[PDB]
Structures are given as C-alpha cells and as structure tokens.
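The numbers here are math on the coordinates, done by the rules we state, and not lab data. Every residue, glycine as well, gets a Cβ built from its backbone with ideal geometry; the counts of neighbours run over all protein chains shown.
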Amino acid sequence: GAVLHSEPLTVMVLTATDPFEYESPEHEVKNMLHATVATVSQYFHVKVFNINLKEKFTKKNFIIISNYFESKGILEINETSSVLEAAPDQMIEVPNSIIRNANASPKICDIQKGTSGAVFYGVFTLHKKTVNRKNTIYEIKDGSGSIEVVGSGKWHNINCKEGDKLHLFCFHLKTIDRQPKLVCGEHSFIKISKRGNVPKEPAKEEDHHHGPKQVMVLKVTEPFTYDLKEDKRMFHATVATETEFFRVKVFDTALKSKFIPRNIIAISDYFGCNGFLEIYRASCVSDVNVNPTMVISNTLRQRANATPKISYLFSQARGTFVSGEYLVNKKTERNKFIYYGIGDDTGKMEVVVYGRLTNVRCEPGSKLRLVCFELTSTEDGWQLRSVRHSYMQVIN
Amino acid sequence: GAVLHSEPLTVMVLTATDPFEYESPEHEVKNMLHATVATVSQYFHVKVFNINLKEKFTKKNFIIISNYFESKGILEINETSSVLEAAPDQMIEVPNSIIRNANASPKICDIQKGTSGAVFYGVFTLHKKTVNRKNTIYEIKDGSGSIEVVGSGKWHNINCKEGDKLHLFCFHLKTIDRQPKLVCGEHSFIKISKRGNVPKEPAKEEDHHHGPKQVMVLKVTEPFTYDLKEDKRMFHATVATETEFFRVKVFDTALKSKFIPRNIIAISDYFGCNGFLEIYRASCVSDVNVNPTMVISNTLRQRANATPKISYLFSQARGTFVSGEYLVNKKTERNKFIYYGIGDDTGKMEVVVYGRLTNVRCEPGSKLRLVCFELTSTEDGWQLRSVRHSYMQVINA
Amino acid sequence: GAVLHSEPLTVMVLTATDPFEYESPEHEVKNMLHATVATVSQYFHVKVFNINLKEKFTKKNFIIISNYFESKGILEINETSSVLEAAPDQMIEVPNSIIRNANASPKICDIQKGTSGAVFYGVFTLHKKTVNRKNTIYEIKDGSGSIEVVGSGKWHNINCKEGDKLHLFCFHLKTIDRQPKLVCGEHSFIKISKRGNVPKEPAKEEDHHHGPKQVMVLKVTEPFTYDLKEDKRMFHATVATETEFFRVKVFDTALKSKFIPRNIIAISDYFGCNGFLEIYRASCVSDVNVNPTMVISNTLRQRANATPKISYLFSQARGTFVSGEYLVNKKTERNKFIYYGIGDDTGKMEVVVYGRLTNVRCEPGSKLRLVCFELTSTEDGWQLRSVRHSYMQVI
DNA sequence: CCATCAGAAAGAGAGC
DNA sequence: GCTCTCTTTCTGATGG
DNA sequence: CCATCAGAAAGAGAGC
DNA sequence: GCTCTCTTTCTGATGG
C-alpha cells in the first residue's frame, strides 16, 4: 500500500489547487485539494484529505510534516497527519532547478513507455474529444505523440472544446485495446485553461444554411442607396456570438430599429457569400430584446471592431474585403476617380474610389472609415478599390 | 571464475572518471567508477565498485593494491579489496610511453578481428546515429573501418550528435547478423568529447533531390506576395537537423500550417537555389510523427536564428543572401526609392529597397527585421539589396 | 574467398619494405613487398606481388590503383591490377592522423583477444628468444602484455637479440597450449631496428660500493702530479661496461700497467664523487679480464668519447666537471692566469688556466684536449677553469 | 572548460 | 668525422 | 466600456 | 559545448 514517513521533514509549497468535492474511500462526498513541494534536492506531489489545512497550503510558505503517507511516489496527508507552520529559522533552500523541473509537463511518447498502474501529472492541448454515454475519450497531443484519456465520474462530459490546455491531476495509465489509455482514479482533478483569441474575420460558408445564430449587435452603419437606378437601401453591421464575430450585409433597412447596438437577436436565413452573412428579409430577426444571453469577453469586442494593419493587409489574398479607420494625407482626382492616399505607423497605400462615393467630401487632415472594399495591388503599390457594397464616411 | 591477486602491487593512477550507477551482480543499484592505472612496465584498466575510494583514485597519485580481482586482463576492485595511498618515498615512475599508449584507442580493423565476448576501450567518431525503439545503434568510423555499437537501456539515445567524440568504456564483441557489434555490458560507460557546429550560412543544394529529410522549424514568418502581376504567394522559414540548419522557401501557402516552430516535419523531392531550398507542392511535407525524441542543439538554434555582424558581413563573398535583424538610423527617400542606413556595434552600412516594400513606414529608433537580401557594395561602403524574394517587418518599443 | 575491387582509387604511398622472397600458391618462390597506402579518409595495408611497381611504391608518391583485391580487409596487388602515376593536379591531402593510425601498432592485450587467423602488422620489442630445431619462439612485449611469435623457414633463427626491435608484417593467429600465439604465414616479413644501447652519462652514488663491475678500459692518461707539495700522483681513464661508460680517477698509479685500452678489469670498493668513480687502492683492480667476450657497442664507444657542443654547454648546470676537445683561437696571459679563447660551430668561450697547467705550451691554431675542468660563468661569458684534478694536453 | 591535436623543434640510428 | 632522416617531444591551438 | 499588470515561455549571459 | 540564471516578449487577466 502506502508507506509512512515519520521524520519531521521541512518543505516549501510551490503550487496548489482549490478545494473540490471528491469521493473518499468511505463513499462520502468530502473535499480535497492538490499541491507540490520541494526539498533541498527533490520534489514531491501531495494529496490533502483534510480540508482544514488550506491556509498552510499557500505558496512561498514553509511547513514541516510528520506521519505522512507515500503511495506510488505521492505523499498523502489526511486528517491524522501533522502539518505545522515553520519558523523563520527552519527554512530550506530550494535551488532554482527543482522549481523549473517540478512544473514541467511530460511528453506523451514517454507516457506510452511506462508500466500499467503509475500516476502522472501534466498539462496538454486537446486534439479531439469524443463524448460517450458515461465517459469520454479526450485525445491529447503534443510534439511527442498522441494518446487517449478516459474520463468518468465527476469528469465525464466536462465543459471544454477541441483545443484546451487540460491541466490534469493524478491519472492512472492502463493498457486498454492494446494501446496506451489514461483513466482517472479517485483523487483526480482537472483545471481547464482555454487560450481563446481569434482576429481576422470569421467567414462561415454553406449556402442556404438556415437556422439560429442569436448574436449581439455591436457597431452598425446608417442606411444608404447602392443602386441608383432602383434606389436600393442597405447597411452593414458587425455582430458577434461569444465565440466569433461576423460581418453582416443587411439589405432590408426596416431592421434599422432591430439592428441597434447592444442588442441581442437570433437571425434565420443566411447565405455565406464572400464571407459575409447576407440577410435578405426582416422575417429572420426576432426582437427578443428583453432576454439576456452573452457578454462577449472584452478581448473579443476589440477584436471584432479592430482596425486592421496595412502590414497585415500585405499578407492577405488579393480579393478579400476590409473594414477600418485610417488617416488621409493625399488626394488626387482623375476622370471621375478619386484616389485617397493613406497610411499609418506600419505602412502606406492608395485607396481608389469610383461611382456614387465620389460625393463623399473629404480632404487630407481628417480620418476616414471604410467598409467592404476589395483588396488589389499593382506593380507600384497596394489598393483598396470601391465595389458595389462599399460605404465610407469622414469622422471628427 | 576469475583470478585473485593477494599481494601488494604498486601502480600510478592515470585517468579516472566520475562516479556512476550500475546494476551490481545482485541486481542492486550501486555506484562505481572506471579508472586506468599503470605500473612501471604494464598499465591496467581498473574497475571500482566501492565508491568511497573516490579521493584515492586521482591522477598523479601513487597507490598500492592488495587482494584485488582480475578478468580478461583487467583489474577489478570492489568492497573486498585493499587500496592504500603510496607515500612519496614509495614512488614508482611510469614512463611517458605507457601514458601515450594507455589513452591510445585500438584501431577499428583490429576490433573487427577480436573474439566474441572480448572487451574494448577507446574514443571514436560518431559517423551516423540511429535510435531504435528498444536499443540504439551508433555507427562509428575511423582510418581503419566501421563498426556498429548496441546501446540499450542506460544508453538508449543519449545527449549527443554526429561528429562528436564518444568514449566507449567496456563494450563486448558479439557476432550479430554475421558482422561484429559492440553490445552493452554490465560495466558500460560513455563520456563525450563534443565537436562540430557549422555556423555561418546554411549549406549547399541538390537540384531535384530524390532523397528525404527530417528537420524542425525554428523561425517562421507570415506569408506574403512576391509578384504583383499574377498574385504569387510565399513565405520564409528556418529549419534544422540535429547538426545542420537550413533557410527555406515555400511557395504554396498551404504549407503554412505544417510549418510551425517546434514542429518535427519531413521534406522530399526538393530543389536548391542560391543557398535556399525551394519547395513547389504541398505533397512534400507530412508532419505525421517522424521522430518525437529529436533533440535540437540550443547553440544550433542560436546559430540559425543568428544575425551576423557588419564586420562579419564584410568578410563574406558577395552573392550570399542575408537574414537577421538590425537597427535603422538614417532615412533618405528619393525617386520611388527609399534608403535605410542600418548599423550595429561594429559600424554602419546601407540598405537599398525598391518597389512594393517601399510601402512600409519604418523610422530610425525601431528595429527592422530583414529576410533574404542580396549583399552588394561600392567604393563608399556596403549594402543589403532587396531582391525578388525579399521580406521584412518593423518592430519597436 | 577474396573479393575484387574493380574501381579506380587514388592513394598516397605511406610506407614500403624492401623486396623479399616468398612462396606463391603454386609453390614457386618469387619476390614481393609490403606497403601501406592511404586515401583522404582511410588507410589500407597492401601486399604487392609485382616487383616492377617498386618505383611507384615509394614514400610520398601519389599513385592510382584499379583491378585490385581484398582479403581480410587488406588489399592485394598482382599482375592483373593496374597502378598508374597520378598527375600533379590529382594529388590528395592525406591527413596526418591517417599516417599516424597506419604506422601505429596494435596493443598486445588486444592481439591476445583476436580470433584465429587474424592478420596483424606492427613493431614490437623482443623480450625473449628460444631457438628450436625447426622454428624459433620470439616472446615479444609491450606496455599491454607479452605474446609468443613463432617463426619458421626463412624467418627461423634470424640474427637478432633481446632488446632489438622487430617490425612484423602479416602474421596470423593460432592458439597453442591454450595460450594465444602469433605464427608466420605466406606473406610474413621481419625488419630489425637496432637494440637498446644508448648511453646518457654515468650515474652518481657515493657509498662504498663493495660490488664489482667488470668494465673494459677505453682511454687512459699518463700519470701526473696533481699536488706539488707532497708529489701526489693520479691519472684519468674512461671505461665502459656493455651498457654504460664511467669516468674513473685512479689515485694509485701502480694500476697504470693494468689500465691499457682494450684490457678488461674488475673494479671493486670504488667511490662516486662529483660524478666520477674513485679507486683508492691497488687491490680493487685485477688484470685478468675474466670475461674475454665483453663487447662495447660502437654506438656506446663513439657516444662515450663525444665532446659536447659549446651551445649545449651553455645549457648545462654550473659546477659540473667537463672533458672535451676544443680549438684554440686567442691566447692572452695576465699575472699567471692564461686565458685561452676556444670555440666551435656552436659558440665561443674562455678557458682559464692557473698553476701547474700553465706550463703546457699552447699557441693559436693548436687544439686543446681538456679533462676534468670546472664549468663557471661571469657577466662577460662562460669559462672552463683548471681545478685540483684538472689535466690537459695539446694534440 | 577540459583535454585533445598539430606545426614546430629536438634526438637516435644508418651511411659517405 | 659529418650529414640526411625517422622518431620523439613541448607548447601553442581549437572549440562553442 | 478600456488600460494597466503579471506569469509563462523563448532567447541570452556568466561561468563550468 | 553545457548549465544556472538574468533578461526580454507574447498573450491572457484586472477593475471603478
């Protein structure tokens, strides 16, 4: 079983986790937490079954232990162990070598080499998840190889997606299906850590792709005419779910009262054309302006209403559409065309405009907003020409 | 059984390694260290199973041994042996010939003529390395031949590379597959004498290569365009083997996903152009588990990602292409041309940029990151010129 | 059997033996030589069976070989192979490490581990020789061990002695009496490289040596008076054992009859002092040469009479006693000191003579033979000064 | 840093 | 007796 | 609705 | 070349 170290050994707390409901070997629903220590030469893992010791398990703190257990190399300190706060003259010196080694996550190829029954600790990016009835196969993967993780009990069907840093605590290796599988035990724990960030502009495809996508109205443009023959009215809008954002082309302006910012909507028939979500009828927008939902975690906000960088545009496919705000400094007018020379702190370029938008009155010395301009380039310099669904307006 | 020498014999300690752990005859995990001693007439290789004698096995120290074993012409000392420091009046003087002839490694061809089970000792050159799943085979070669060595267990893929100088301690000859091999033993030990770096630029080319190669990306950049007429995509990257490093060009932007730093990759049917290696189809990379246990050298990383000095650039043959980072201090724009005089802690030069990359706004005080630039010069200094595959970006504080 | 290497390979010749007789596989005696050649990455041993290639197989020559054979990893050249003369722009740069490994001998401890029939080359010191009726056992030794070498036929009872160097080419391995031995084969060769008789001045010591040392008298001086007051007489002699030479000061001149060149004598109860050997009484020496065969090698004879070069003397410790023959250039005399300028190709110094030896007539152009002079120096140069035991003469 | 390797320089044996 | 040369040796050199 | 701060990880230095 | 540690950077996180 688990041997017993009875010598008063001095240690220092490196890391720890929060109390969480576990199932003790007595079929109760108690609470426990994890932690790691480090002596003058080595480091240990620690299980804590007594939840009243959470104070002395703060990091950068020294404590002396006696009458503690040791199972499979892991120290076990329960409700019958001695954990006392050390004195200023009872501190051990841990070099900055055991510290950077304790928190090192192993390689998966080396998990495929061990014997059955051992314990592991580490964080891994998730490759693919496959939910089953009572467990789930979490395929974690790093540069060293792939392996399977089986999760049942309290960790069956947990809130995570394909790409989360799954920090794992106390898992047993098992030879299942002739391949290395990793199953949990009884003292296990999983803290989830998603690195959620995505700039650029999400472009959902699939034509006739109907359904729901109850997003949130963010920034919108006033309506305008884009076909002077038939006086067709439209306006662009940028909206976002909690995961992504979408640039919307609205062709029925009666939803101007429903495309007000800071509003939440669930919108139906959408056709993924040129990366835009093109609505063709107001009947796809329920007001629903009394039922909350999202919050959009700040960083998504600025991401959606980001103003791109000319350096970033030099690296996009010649045919993609833009939306940003930039400073003008030049202006030449040639036969019905108006070239607006612009640039920022990264690069400069030309912006050509032809058609109705010549009626825009602007001169160097004030900023300018752009929406839905194609990306082109010549031998001389790059360009962002005015297309059919274009729009622009000068600011303060 | 072995033989037992129960009489005092004086020796002079020559070489002595550091303590290392082994699996003793009782399959316990004990400590031992190797040592080479020499009498006035004959030298002797010696084993030390009692690590407490660590101080009395120092070079230039004379000792006397009593009640010590010996096997295959090699002395042994465990816990049941008496080793005593010899006083300065008990000095024996071992000539310089035993010193030059103890560290002399036996020629390989003569190792190809020893009996099955014989034990050897010598430093040799790593000509090619190969790691199995169980053991690890090392093909060594010198002026007399080649021979493979089986390193299983404690010697299953160590920390070394081709071109080093590995010191083999106590490896046994065994006819495997018709040819001799050096299999591991109970008292095996290997200490290294590293060498080889290959800094400077990458390597040469093999036009329309038919072979394969496994490296690891070290510095990838963003994609871009090098042709304005027909929209042609490409991006630069840095890759490396265990020993060599290479700066690569990729023209099918699709292979931007497979080209990530720290990614072990694989490349086949590749072209070579002016120090850079050209790929043309996505059917050349398969980042699907080629070798997980590959260890890249930190100095190699710092050499491939290295940025040369202006003085060093002066000593290069013009025609080689430049990559790295420098700082700007002058800015002079003329007709559709912009000049950026860069400088470092050795001097200053010029950078001539033309065309599309003139649409970038760099200013003195911010660092400029150049990749793939020609190296030209005139009577009035040196330049880095922007060519068909030039790339750069601005980074500041 | 052997395998055949068809492709041209360019090599630099490292070594070659003189030609020697051997028996061919068809039972005919012919000449062959052994060579060692190298490429830029590897060395090879080569057996050369076509003696017309003698001039091509010369050291530091570059040659191009094709249609050659391999047996046990060693190359073989017969009448069917081609060996041409490389052009100057076809030379190769052979690393010195390769020459080092090719000229290196295997250790005996590793030879003893060899499989039966393995072929070896190397140079080893002979420790013991036993000559039987039909073969000879040469027990050789190096720092790693000893092994017996069995020679027969041509290599039976060759003219060598313990201490000589034997260069062995292409000997095979055979187990005899459970002990590994080396044995001669079809292509074996031996070359002898002197022995181990190299002097380096006598030894010191000082205790009353009660032992004897049957030495041969090499050189002697006429008796002379080294103390004028009491008329004390002595002479100097150089003598040699077989491996060593010693300088003897004889203070009992009755031994003059016993010290004659070529006579062999036994010296007992002698005293080392200041690097010389001393004989205080006539009973220490007997005229009987009870070892008529004593042999003093020419290397030891010539080396024992050698006069040290002056520049070499500049490096010697002050206070040592020196004997040598030097050419006299300048002669000046001041208040009973005589200053004789002497010199050789290495340099120039002064011989300072005081007292009785000032009666020796010497003028510029004469050559001075000095025995037992003290080496000293001043700020202006180096001198050889006459002392109590000094002797000198003009030749 | 840890000891190796290499060009230069000194020492031994054969020959004119 | 002198000279050419193979052998042996010390210290500067390499390297990342 | 926005800026500052902080822990981790890649890159570099002193010394072995 | 190898190792401990000082330095620099990208990105996720805080709050009145």
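Where does chain B land on Rg/Rh, using Cα atoms and the Kirkwood Rh?
Details: Rg = 29.2 Å, Rh = 25.7 Å.
Dividing the radius of gyration by the Kirkwood radius yields 1.14.
Amide H to amide H under 5 Å from residue A:148: which residues, 5+ apart in sequence or cross-chain, H placed 1.01 Å off N in plane? Under 5 Å from the amide H of residue A:148: A:182. Label-to-label distance, residue A:378 versus residue B:269, with points set 7 angstrom from Cα along the beta-carbon direction: 4.0 nm.
Sites listed here are trypsin sites (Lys or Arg not before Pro) in the range B:162-245 whose DSSP assignment is loop and whose Cβ has at most 14 other Cβ atoms within 10 Å: B:178, B:194, B:195, B:200, B:204, B:229. Projecting the Cα atoms of A:137, A:62, A:173 onto the dipole axis of chain A, where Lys and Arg carry +1 and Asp and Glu carry -1 at the beta carbon, places A:137 farthest toward the positive end. Residues in the range C:103-110 carry Karplus couplings, in order, of 8, 7, 8, x, 6, 4, 4, 7 Hz; the curve used is 6.51 cos²θ - 1.76 cosθ + 1.60 with θ = phi - 60°, and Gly or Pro positions show x.
FRET efficiency for residue B:286 and residue A:209, Cβ-Cβ distance as r, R0 = 45 Å, nearest 0.05? If you can, show how the numbers build up before the last one.
On the way: r = 33 Å, r/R0 = 0.73.
For residue B:286 and residue A:209, the calculated efficiency is 0.85.
Take the convex hull of the alpha carbons in the protein assembly as shown; its mean projected area over all directions comes to 76.7 nm².
When the expected Rg is taken as 2.2 N^0.38 Å, what fraction or multiple of it is the alpha-carbon Rg of the range A:289-349? Write out the running numbers ahead of the final one.
Values: Rg = 16.9 Å, N = 61, 2.2 N^0.38 = 10.5 Å.
For the range A:289-349, the normalised Cα radius of gyration comes out at 1.62.
Based on DSSP H segments of at least four residues, each scored -39500 (n - 2.57), chain B has a per-residue ellipticity at 222 nm of -1500 deg cm²/dmol. Couplings for the range B:307-312, taken from phi via the Karplus curve 6.51 cos²θ - 1.76 cosθ + 1.60 with θ = phi - 60°, read 10, x, 8, 4, 4, 5 Hz in order; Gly and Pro are left as x.
Restricting to DSSP loop positions (anything but H, G, I, E, B) with no more than 14 other Cβ atoms inside 10 Å of their own Cβ, which trypsin sites (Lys or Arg not before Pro) remain in the range C:317-362? Here the trypsin sites (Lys or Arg not before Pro) that fit, given the DSSP loop and packing criteria, are C:318, C:336, C:361.
Relative contact order (percent) for the range A:307-394, with alpha-carbon contacts under 8 angstrom and 6 or more residues of separation?
On the way: 184 pairs, mean separation 26.8, N = 88.
Over the range A:307-394, the number comes to 30 percent.
Step through the table entries A:107/B:194; B:113/C:128; B:72/C:134, compare each Cα-Cα distance with 31 Å, and write down the pairs that go over it. Each step should come with its number before you reach the end.
Details: A:107/B:194 27 Å; B:113/C:128 26 Å; B:72/C:134 33 Å.
The pairs that break the limit, which is 31 Å between Cα atoms, are B:72/C:134.
At q = 0.18 Å⁻¹ the log10 of I(q)/I(0) for the range A:67-179 amounts to -1.05, computed by Debye summation with a single uniform scatterer per C-alpha, solvent ignored. For GluC sites (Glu not before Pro), the sites in the range C:122-191 that DSSP calls loop and that have at most 15 other Cβ atoms within 10 Å are C:162, C:186.
Among the listed pairs B:30/B:181; A:165/A:258; A:330/B:348, give every one whose C-alpha distance is greater than 32 Å.
Working: B:30/B:181 27 Å; A:165/A:258 39 Å; A:330/B:348 34 Å.
Pairs exceeding 32 Å: A:165/A:258; A:330/B:348.
Based on alpha-carbon atoms, the Kirkwood radius and the radius of gyration of the range B:212-303 give Rg/Rh equal to 0.96.
Computed 3J(HN,Hα) for the range A:130-140, one whole-Hz value per residue from the Karplus formula 6.51 cos²θ - 1.76 cosθ + 1.60 where θ = phi - 60°, is 9, 6, 10, 5, 10, 9, 7, 8, 9, 7, 8, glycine and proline marked x.
Any idea what diffusion coefficient the range A:3-99 gets from Stokes-Einstein, in µm²/s, Kirkwood Rh on alpha carbon pairs, 20 °C, 1.002 mPa s? Before the final figure, lay out the partial values.
Working: Rh = 13.8 Å.
For the chosen part, D equals 156 µm²/s.
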